[PDB]
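Asker: start-v9.pdb is the file, holding PDB, C-alpha atoms (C1' of nucleotides):
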ATOM      1  CA  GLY C   1      20.631-112.545  71.032
ATOM      2  CA  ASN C   2      23.499-112.828  73.515
ATOM      3  CA  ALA C   3      25.609-115.905  74.313
ATOM      4  CA  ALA C   4      22.848-117.192  76.641
ATOM      5  CA  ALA C   5      20.617-118.685  73.922
ATOM      6  CA  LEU C   6      21.157-122.452  74.221
ATOM      7  CA  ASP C   7      18.808-123.530  77.021
ATOM      8  CA  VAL C   8      15.903-121.054  76.894
ATOM      9  CA  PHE C   9      15.630-121.453  73.116
ATOM     10  CA  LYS C  10      15.210-125.238  73.280
ATOM     11  CA  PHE C  11      12.824-124.708  76.198
ATOM     12  CA  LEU C  12      10.659-122.241  74.253
ATOM     13  CA  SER C  13      10.865-124.065  70.906
ATOM     14  CA  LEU C  14       9.121-127.379  71.590
ATOM     15  CA  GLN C  15       5.776-126.158  72.975
ATOM     16  CA  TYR C  16       4.805-123.904  70.049
ATOM     17  CA  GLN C  17       6.301-125.891  67.153
ATOM     18  CA  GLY C  18       5.596-129.624  67.008
ATOM     19  CA  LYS C  19       2.011-130.269  68.150
ATOM     20  CA  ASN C  20       0.364-133.636  67.537
ATOM     21  CA  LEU C  21      -3.163-133.019  66.201
ATOM     22  CA  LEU C  22      -3.970-135.080  63.095
ATOM     23  CA  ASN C  23      -6.461-137.837  63.916
ATOM     24  CA  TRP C  24      -9.852-136.484  64.989
ATOM     25  CA  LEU C  25     -11.958-133.520  63.892
ATOM     26  CA  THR C  26     -14.885-134.228  66.255
ATOM     27  CA  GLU C  27     -13.747-136.366  69.199
ATOM     28  CA  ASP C  28     -11.647-134.636  71.911
ATOM     29  CA  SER C  29     -11.561-131.374  69.968
ATOM     30  CA  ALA C  30     -14.410-129.535  71.738
ATOM     31  CA  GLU C  31     -12.641-129.589  75.127
ATOM     32  CA  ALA C  32     -12.045-126.372  77.062
ATOM     33  CA  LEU C  33     -12.634-127.524  80.654
ATOM     34  CA  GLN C  34      -9.603-129.845  80.966
ATOM     35  CA  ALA C  35      -7.546-127.175  82.769
ATOM     36  CA  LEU C  36      -6.460-127.002  86.406
ATOM     37  CA  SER C  37      -9.346-124.620  87.331
ATOM     38  CA  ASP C  38      -7.753-122.707  90.222
ATOM     39  CA  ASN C  39      -8.624-119.339  91.746
ATOM     40  CA  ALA C  40      -7.594-115.950  90.331
ATOM     41  CA  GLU C  41      -7.154-113.979  93.586
ATOM     42  CA  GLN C  42      -4.557-116.238  95.239
ATOM     43  CA  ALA C  43      -1.728-115.567  92.737
ATOM     44  CA  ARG C  44      -2.018-111.784  92.309
ATOM     45  CA  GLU C  45       1.338-110.276  93.303
ATOM     46  CA  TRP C  46       4.156-112.491  91.991
ATOM     47  CA  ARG C  47       2.798-113.767  88.647
ATOM     48  CA  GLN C  48       4.015-110.698  86.714
ATOM     49  CA  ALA C  49       5.611-112.522  83.752
ATOM     50  CA  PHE C  50       2.700-113.681  81.577
ATOM     51  CA  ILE C  51       2.665-110.773  79.098
ATOM     52  CA  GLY C  52       6.322-109.642  78.844
ATOM     53  CA  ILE C  53       7.641-113.064  77.801
ATOM     54  CA  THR C  54       6.907-112.468  74.086
ATOM     55  CA  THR C  55       6.637-108.747  73.302
ATOM     56  CA  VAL C  56       9.973-107.553  71.896
ATOM     57  CA  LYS C  57      10.380-104.028  70.531
ATOM     58  CA  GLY C  58       9.639-103.022  66.941
ATOM     59  CA  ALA C  59      10.897 -99.754  65.383
ATOM     60  CA  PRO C  60      11.919-100.698  61.784
ATOM     61  CA  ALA C  61      15.474 -99.435  61.353
ATOM     62  CA  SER C  62      18.552 -99.861  59.194
ATOM     63  CA  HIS C  63      22.194 -98.962  59.799
ATOM     64  CA  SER C  64      24.885 -96.829  58.194
ATOM     65  CA  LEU C  65      26.867-100.008  57.494
ATOM     66  CA  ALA C  66      23.977-102.026  56.110
ATOM     67  CA  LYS C  67      24.295-102.035  52.263
ATOM     68  CA  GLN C  68      21.508 -99.829  50.914
ATOM     69  CA  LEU C  69      20.956 -99.399  47.180
ATOM     70  CA  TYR C  70      18.806 -97.563  44.631
ATOM     71  CA  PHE C  71      16.665 -99.392  42.091
ATOM     72  CA  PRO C  72      15.179 -97.430  39.156
ATOM     73  CA  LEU C  73      11.437 -97.708  38.704
ATOM     74  CA  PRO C  74       9.963 -97.831  35.165
ATOM     75  CA  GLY C  75       9.618 -94.265  33.915
ATOM     76  CA  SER C  76       9.789 -92.832  37.425
ATOM     77  CA  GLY C  77      12.067 -92.297  40.414
ATOM     78  CA  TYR C  78      13.654 -94.857  42.713
ATOM     79  CA  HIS C  79      13.096 -97.335  45.512
ATOM     80  CA  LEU C  80      15.815 -97.697  48.112
ATOM     81  CA  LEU C  81      16.488-101.407  48.582
ATOM     82  CA  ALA C  82      18.154-102.648  51.775
ATOM     83  CA  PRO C  83      19.043-106.338  51.379
ATOM     84  CA  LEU C  84      19.465-108.618  54.366
ATOM     85  CA  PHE C  85      21.441-111.816  54.784
ATOM     86  CA  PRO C  86      19.307-114.975  54.384
ATOM     87  CA  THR C  87      20.199-117.243  57.277
ATOM     88  CA  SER C  88      17.595-119.929  56.596
ATOM     89  CA  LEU C  89      18.401-120.213  52.896
ATOM     90  CA  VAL C  90      22.142-120.466  53.541
ATOM     91  CA  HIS C  91      21.322-123.091  56.183
ATOM     92  CA  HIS C  92      19.163-125.069  53.725
ATOM     93  CA  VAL C  93      21.977-124.858  51.152
ATOM     94  CA  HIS C  94      24.367-126.037  53.845
ATOM     95  CA  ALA C  95      22.680-129.423  53.213
ATOM     96  CA  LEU C  96      25.199-129.451  50.368
ATOM     97  CA  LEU C  97      27.210-131.481  52.882
ATOM     98  CA  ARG C  98      25.390-134.617  53.985
ATOM     99  CA  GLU C  99      23.569-135.589  50.813
ATOM    100  CA  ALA C 100      26.246-134.448  48.359
ATOM    101  CA  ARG C 101      29.831-133.814  49.428
ATOM    102  CA  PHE C 102      30.977-136.252  52.097
ATOM    103  CA  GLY C 103      27.976-138.010  53.495
ATOM    104  CA  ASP C 104      27.902-141.797  53.444
ATOM    105  CA  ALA C 105      25.716-142.542  50.407
ATOM    106  CA  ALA C 106      27.801-140.192  48.263
ATOM    107  CA  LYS C 107      31.200-141.586  49.227
ATOM    108  CA  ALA C 108      29.831-145.105  48.718
TER     109      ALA C 108
ATOM    110  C1'   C Q   1      23.325 -93.240  42.227
ATOM    111  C1'   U Q   2      26.462-100.177  41.190
ATOM    112  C1'   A Q   3      25.720-106.336  48.472
ATOM    113  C1'   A Q   4      26.948 -98.485  47.512
ATOM    114  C1'   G Q   5      30.654 -95.643  50.348
ATOM    115  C1'   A Q   6      36.612 -97.249  53.866
ATOM    116  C1'   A Q   7      41.287-100.172  54.642
ATOM    117  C1'   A Q   8      49.833-101.259  55.347
ATOM    118  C1'   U Q   9      50.157-108.457  57.139
ATOM    119  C1'   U Q  10      55.163-107.561  59.268
ATOM    120  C1'   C Q  11      59.907-108.561  61.363
ATOM    121  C1'   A Q  12      64.152-113.044  61.710
ATOM    122  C1'   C Q  13      66.138-117.976  60.005
ATOM    123  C1'   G Q  14      72.087-123.742  58.133
ATOM    124  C1'   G Q  15      67.708-129.204  55.695
ATOM    125  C1'   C Q  16      71.673-132.649  56.329
ATOM    126  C1'   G Q  17      74.664-136.954  56.885
ATOM    127  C1'   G Q  18      75.026-142.162  53.881
ATOM    128  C1'   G Q  19      74.007-145.529  49.789
ATOM    129  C1'   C Q  20      75.701-151.755  44.087
ATOM    130  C1'   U Q  21      68.963-151.578  40.936
ATOM    131  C1'   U Q  22      70.203-156.311  38.781
ATOM    132  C1'   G Q  23      70.159-160.966  35.735
ATOM    133  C1'   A Q  24      67.740-163.214  30.825
ATOM    134  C1'   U Q  25      65.267-162.585  25.614
ATOM    135  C1'   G Q  26      64.072-164.136  17.408
ATOM    136  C1'   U Q  27      59.341-158.568  15.816
ATOM    137  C1'   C Q  28      57.798-161.147  11.177
ATOM    138  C1'   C Q  29      55.245-161.964   6.588
ATOM    139  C1'   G Q  30      52.501-159.914   2.358
ATOM    140  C1'   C Q  31      51.718-155.428  -0.853
ATOM    141  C1'   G Q  32      50.727-151.147  -8.092
ATOM    142  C1'   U Q  33      50.081-144.674  -5.229
ATOM    143  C1'   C Q  34      47.929-142.853  -9.851
ATOM    144  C1'   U Q  35      46.037-139.156 -13.730
ATOM    145  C1'   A Q  36      46.550-133.585 -15.510
ATOM    146  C1'   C Q  37      48.893-128.560 -15.689
ATOM    147  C1'   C Q  38      51.684-121.376 -19.331
ATOM    148  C1'   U Q  39      54.375-118.778 -12.769
ATOM    149  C1'   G Q  40      52.723-114.533 -20.531
ATOM    150  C1'   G Q  41      50.658-111.326 -11.983
ATOM    151  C1'   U Q  42      54.423-106.881  -9.347
ATOM    152  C1'   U Q  43      59.767-113.745  -7.048
ATOM    153  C1'   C Q  44      67.699-108.709  -2.844
ATOM    154  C1'   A Q  45      70.446-103.208  -5.506
ATOM    155  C1'   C Q  46      77.190-108.941 -10.197
ATOM    156  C1'   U Q  47      84.322-104.706 -11.259
ATOM    157  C1'   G Q  48      84.117-100.351 -18.337
ATOM    158  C1'   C Q  49      76.790 -95.000 -19.569
ATOM    159  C1'   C Q  50      81.102 -86.308 -18.000
ATOM    160  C1'   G Q  51      78.114 -83.023 -10.986
ATOM    161  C1'   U Q  52      71.068 -83.696  -4.952
ATOM    162  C1'   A Q  53      69.183 -78.086  -7.118
ATOM    163  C1'   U Q  54      64.320 -80.020 -11.591
ATOM    164  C1'   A Q  55      69.875 -78.841 -16.525
ATOM    165  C1'   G Q  56      73.171 -82.117 -20.720
ATOM    166  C1'   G Q  57      75.971 -87.337 -27.501
ATOM    167  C1'   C Q  58      71.461 -94.546 -24.477
ATOM    168  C1'   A Q  59      73.853 -98.954 -33.617
ATOM    169  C1'   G Q  60      71.849-102.473 -24.678
TER     170        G Q  60
END
Please lay out the structure from this file as structure tokens.
Answerer:
Amino acid sequence: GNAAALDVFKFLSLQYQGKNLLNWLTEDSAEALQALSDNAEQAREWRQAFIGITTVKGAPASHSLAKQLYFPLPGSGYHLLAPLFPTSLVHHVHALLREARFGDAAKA
RNA sequence: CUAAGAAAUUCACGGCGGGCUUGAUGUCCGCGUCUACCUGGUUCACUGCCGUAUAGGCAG
């Protein structure tokens, strides 16, 4: 996003990822009436942000500086392959640091 | 039909003054190297044999 992605990201991250349901399959799993149970007519005008908080745009696109390539199919024409940069895999391999290069158990 | 396809790093400059590395020392002691072979393979142009053109007396 922009340079304003430090606070709202940590605010949005914790509620969806990290729930604590492991113990029971029967007890306190059939609950649906433990809400606040308020009225629906009182908050009509200024609660306009329930639906637009998630829905970003789609439109699958590439760019003219985006590294596109042709790959020959067996006995046939081509598929145009547009590779992307793996952020998560480079981040996982950036745990080349603490366990291997100059973490504590390695330098010991 | 290629992580495709593109690209000017550049200008200038004082490294420098001085200096005690010393002193001493047991390398010794022993020893069986042997047998055989063809350089009879192409391993520098050493003063006294009348003329490239197809031509002329080599008791080397």
Asker: Determine the residue membership of the PyMOL selection byres ((chain C) within 7 of (chain Q)) for the file above and supply it as a PDB file with C-alpha atoms, keeping the file's coordinate frame.
Answerer:
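Ended up saving to out_17.pdb:
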ATOM      1  CA  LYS C  67      24.295-102.035  52.263  1.00  0.00           C
ATOM      2  CA  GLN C  68      21.508 -99.829  50.914  1.00  0.00           C
ATOM      3  CA  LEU C  69      20.956 -99.399  47.180  1.00  0.00           C
ATOM      4  CA  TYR C  70      18.806 -97.563  44.631  1.00  0.00           C
TER       5      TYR C  70
END
Asker: Given 3 Å of margin on each side, can you work out the centre and size in Å (one decimal) of an axis-aligned box holding every listed atom of region 49-52 of chain C, as JSON?
Answerer:
{"center_x": 4.5, "center_y": -111.7, "center_z": 81.3, "size_x": 9.7, "size_y": 10.0, "size_z": 10.9}
Asker: For region 55-57 of chain C, find every residue with an atom within 12 Å (counting all atoms listed in the file), except residues of its own chain fewer than 5 positions away, and show them as a ChimeraX atom specification.
Answerer: /C:1,49-50
Asker: Work out how far CA of residue 53 (chain C) is from CA of residue 39 (chain C), in Å to one decimal.
Answerer: 22.3 Å
Asker: When distances are computed from only C-alpha atoms, which of C:84, C:29, C:96, C:54 shows the smallest separation from residue 66 (chain C)?
Answerer: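 Nearest to residue 66 (chain C): C:84.
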Asker: Which value, in Å to one decimal, gives the distance between CA of residue 93 (chain C) and CA of residue 18 (chain C)?
Answerer: 23.3 Å
